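Given next are the chains, with one letter for each unit.
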Amino acid sequence: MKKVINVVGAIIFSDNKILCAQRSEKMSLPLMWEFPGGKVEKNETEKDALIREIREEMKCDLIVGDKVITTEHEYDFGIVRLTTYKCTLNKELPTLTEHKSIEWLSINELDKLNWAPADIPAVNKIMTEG
């Protein structure tokens, strides 16, 4: 009936800052902002998709904590399910980070990076940490 679009994002934390990666027009509201990644295979899970991709794609030891939140929306070409996963900073720097530019906002400033409607509620949770 509908095409279940499985996509997973990555949120690297470091010094109370967040990374930015303005992908193509495929991502969610990539015009204003957008996170790195956001693609899952039809065999791998939202998590396995990160541990696998981040492996070669990022070519780093990016560590993962736990699932942030699950968001889904009704699309014409199926259903878009955006999910975030708490990541950690490693020795080497992340990849595809220079895509848009170098900007690290604080936890109480991330709001300025108005993200998609699926990540919006996922980013707000972070603030809870304080």
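Residues numbered from 1 in each chain as written, not as in the entry; some residues may be left out. Heavy atoms only, no water.

Looking at the entry header, you'll see solution NMR listed as the method.

A separate point is the pairing of strand β5 (residues 78-88). Judged by how many residues are buried, β5 sits mostly within the fold: eight of eleven residues are covered. Pairing geometry for strand β1 (residues 4-8) and β5, over five bridges, is parallel. When the sheet's bridge partners are listed, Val 8 is paired in β5 with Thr 83. Bridge count between strand β2 (residues 11-14) and β5: three bridges; the pairing is parallel. The residue bridging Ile 12 from the neighbouring strand is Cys 87, located in β5. Both strand β4 (residues 64-75) and β5 contribute to a ladder of nine bridges, which runs antiparallel. When the sheet's bridge partners are listed, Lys 67 is paired in β5 with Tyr 85. Between β4 and the antiparallel strand that follows it, β5, lie two residues. (Buried < 20%, exposed > 50% of the residue type's maximum accessible area, 1.4 Å probe, protein only. Helix = DSSP H or I, 4+ residues; strand = E, 2+ residues; numbered from the N terminus. Pairing = 2+ DSSP bridges.)

Within helix α2 (residues 120-127), burial applies to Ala 122, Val 123 and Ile 126. Angularly, the buried residues of α2 cover 95° about the axis, an arc narrow enough to put them on a single face. Summarising the contacts, the buried residues of α2 are in contact with β2, β4 and β5. (Arc of directions from axis to C-beta. Contact = heavy atoms within 4.5 Å.)

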